[PDB]
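A.B. asks: Experimental coordinates for this protein are included below, preceded by the sequence.
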Amino acid sequence: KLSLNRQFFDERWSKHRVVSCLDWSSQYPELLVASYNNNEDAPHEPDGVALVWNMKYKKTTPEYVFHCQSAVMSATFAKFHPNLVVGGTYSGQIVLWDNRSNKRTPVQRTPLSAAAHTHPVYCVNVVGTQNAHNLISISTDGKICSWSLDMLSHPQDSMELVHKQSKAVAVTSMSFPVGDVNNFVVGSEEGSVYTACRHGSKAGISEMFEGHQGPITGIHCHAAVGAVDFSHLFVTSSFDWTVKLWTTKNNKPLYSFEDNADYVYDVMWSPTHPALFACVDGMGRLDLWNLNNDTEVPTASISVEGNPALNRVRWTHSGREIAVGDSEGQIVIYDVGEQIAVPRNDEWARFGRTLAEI
Amino acid sequence: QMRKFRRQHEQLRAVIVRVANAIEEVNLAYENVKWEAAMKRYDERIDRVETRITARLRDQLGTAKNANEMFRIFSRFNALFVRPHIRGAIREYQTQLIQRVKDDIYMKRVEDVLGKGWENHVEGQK
Amino acid sequence: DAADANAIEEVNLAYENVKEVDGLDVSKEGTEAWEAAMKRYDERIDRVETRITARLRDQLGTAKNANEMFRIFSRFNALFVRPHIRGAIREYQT
């Protein structure tokens, strides 16, 4: 059972603004950064907004509020810098917000030169260990730039993504395997899903995965870690009314889950349960698919009130609570039931058996 | 295909000893390859070794604070300049240290972070 | 399912039984042996089709939602080309 927990919504800020991305902090799990786009009606308001909400308190207002000149399309807590919040922009320009500093304006901001990003940056993520980590950003023009959080004026490394010699890959989403800092998978507007390598002799695109006949919206690799190594798997969700489960070994979809009647905008593996993931539809339906329980119908389903289009979904690091962001800009959090969220000890072998059935 | 394999692998085996499970597993890969499947498995095992080596290169910046100690660790690591997978982990501090020695300006202090045969590199040519 | 292997081995046994008769024999003995073997194989296969309609009923016996039932339809789609099989399933089709 999915149960409503908290609506998050600000009258001044989030109104008339879709949620472009959500993310939960790693060390302070109660926090949740959420980016937003430009408000069409009010030009005077800043285009980009990013609100860090807090679940611990009951205050309706955001814990922190940030804004920047251009619409934010990705937002992420710096995974090893708790005082920081990175975000992309439609203008193609990483903006770094320091919570300790009293400036809602970005403290640092990347260039807009050819070497740096120029097209919109929908994917930003910190990857590495605490001893050394880099901010990887991928624009919709296939450019992926390594950035150090300390200094953003100069890109640490700049390279373009391409397949079939010269053909730009319009990266729309990007994820990484758990514990891997060189391989990653990027969905493309072309409908193909590309496994790419950050460093290597074949640095760039390594493999093409076909099967999605619409633009890819959301890619996510497996997060749960246990006895059996399921790191290779990953779930895509695309405009062709489908979620598709893949493995990095197999060039074709491992399986297709289509019980929808609209686009699917964001899919994410559960972070504690191996066979559970959640996909958010355009009809306002959040659907938790547990592939061990049943595979042809969602294990759980809940609709937001008013049927808004649900752009994003993000599990909490505990996996018990899942936040979904709608077109209205309301961040509604749901509590996932006990029988769904926490796995049975044999869930890992059970999901291995279901994979063997496929 | 065989000649390229031997050119890469003899270099790796000869020079990695310069910089035990690591040597046992590369020898194991050489045992397996002695065609497409064997090549792919060899690349998988070697690139897994390279990622473990990259973690050691991350620990490089993890440990030291001043330039001199990171330079000492760079001198300890010569086997990996040829491999164009470590070149990413090496390039990340390469700017940090080449610009530092440029500001300081030392020939040894410049060579050690660009490796033997620096004459080919674009930044070393200036 | 035990029924799957049972059907496979039953079909193989029927084919072997017909295969025993000397097909190229053309006289009266060959004619009657051929007719008897074909009759035996026909009744055995008719029985295989009933053993298959049992699974066709277990379709509804298991499937609860439309998607699972349709996927059972699609997996066994070639089996529905048979003449006796097609008429068994008429209520699910509507």
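C.D. replies: Cool, the structure landed. Residues are numbered from 1 along each chain as shown, chains lettered A, B, ... in the order given.
A.B. asks: Pull stretch A:104-114 out as PDB, backbone CA atoms only.
C.D. replies: Presented in PDB, the C-alpha positions along stretch A:104-114 are these (Å, rounded to 0.1, in the frame of the first residue of the first chain):
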ATOM      1  CA  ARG A 104      20.700  32.500  -3.200                       C
ATOM      2  CA  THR A 105      22.600  33.500  -6.300                       C
ATOM      3  CA  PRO A 106      25.100  30.900  -7.400                       C
ATOM      4  CA  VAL A 107      28.500  31.300  -5.800                       C
ATOM      5  CA  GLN A 108      30.300  29.700  -8.800                       C
ATOM      6  CA  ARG A 109      29.200  29.200 -12.300                       C
ATOM      7  CA  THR A 110      30.700  27.400 -15.300                       C
ATOM      8  CA  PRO A 111      31.500  29.200 -18.600                       C
ATOM      9  CA  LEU A 112      29.400  29.200 -21.700                       C
ATOM     10  CA  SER A 113      32.400  28.700 -24.000                       C
ATOM     11  CA  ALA A 114      32.800  26.000 -26.600                       C
END
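A.B. asks: Please identify the buried residues of it?
C.D. replies: Within stretch A:104-114, the residues that count as buried by 16 or more other CB atoms under 10 Å in any protein chain shown are A:106, A:108, A:109, A:110, A:111. Every C-beta, even on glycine, is put in place using the N, C-alpha and C of the backbone.
A.B. asks: With chain C as the reference, measure out to the first one.
C.D. replies: The reference is to residue A:106. The gap separating residue A:106 from chain C is 48 Å, by CB to the nearest CB, to the nearest Å.
A.B. asks: For that residue, which non-adjacent residue is closest in space?
C.D. replies: Across the structure, with CB to CB, 6 or more residues apart in numbering or on different chains as the measure, the residue nearest residue A:106 apart from its sequence neighbours is residue A:95 (3.8 Å).
A.B. asks: which residues does that neighbour form a beta bridge with?
C.D. replies: residue A:87, residue A:109 (DSSP bridges).
A.B. asks: How many residues are close by it?
C.D. replies: Residue A:95 sits with 28 neighbouring residues when counted by other CB atoms under 10 Å in any protein chain shown.
A.B. asks: try the one 5 residues further on
C.D. replies: The local packing count at residue A:100 equals 8, with neighbours defined by other CB under 10 Å.
A.B. asks: shouldn't it be in contact with residue A:82?
C.D. replies: No - using CB atoms under 8 Å, residue A:100 is not in contact with residue A:82, being 9.7 Å away.
A.B. asks: hmm, the longest helix along chain B touching chain A?
C.D. replies: Ranked by residue count, the top helix of chain B under DSSP state H comes out as helix B:36-63. Yes - residues of helix B:36-63 contacting chain A under CB under 8 Å from any CB of the partner chain: B:47, B:50, B:51, B:54, B:55, B:58, B:59, B:61, B:62, B:63.
A.B. asks: returning to what we had before: next, the contact list for the residue nearest to residue A:106, please.
C.D. replies: With contact taken as CB atoms under 8 Å, 6 or more residues apart in numbering or on different chains, residue A:95 is in contact with A:48, A:68, A:72, A:86, A:87, A:88, A:89, A:106, A:108, A:109, A:110.
A.B. asks: re the thing from before, could you flag which of the residues of helix B:36-63 next to chain A are buried?
C.D. replies: Using 16+ other CB under 10 Å as the burial test, the residues of helix B:36-63 next to chain A include B:47, B:50, B:51, B:54, B:58, B:61 as buried.
A.B. asks: Could I get those residues in a markdown table, plus columns for distance to chain C?
C.D. replies: A markdown table is the format used below for these (distance: CB to the nearest CB, whole Å):
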| residue | distance to chain C |
| --- | --- |
| B:47 | 39 |
| B:50 | 44 |
| B:51 | 40 |
| B:54 | 45 |
| B:58 | 47 |
| B:61 | 53 |
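A.B. asks: mind listing the helices for chain B?
C.D. replies: Read by DSSP H, chain B holds these helices, from start to end of the chain: B:2-16, B:21-33, B:36-63, B:67-76, B:86-104, B:107-114, B:122-125.
A.B. asks: Could you dump the ones you listed into JSON lines with distance to residue A:204 added?
C.D. replies: Output for the helices of chain B, formatted as JSON lines (distance: least, CB to CB, whole Å):
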{"stretch": "helix B:2-16", "distance to residue A:204": "19"}
{"stretch": "helix B:21-33", "distance to residue A:204": "24"}
{"stretch": "helix B:36-63", "distance to residue A:204": "14"}
{"stretch": "helix B:67-76", "distance to residue A:204": "26"}
{"stretch": "helix B:86-104", "distance to residue A:204": "12"}
{"stretch": "helix B:107-114", "distance to residue A:204": "24"}
{"stretch": "helix B:122-125", "distance to residue A:204": "20"}
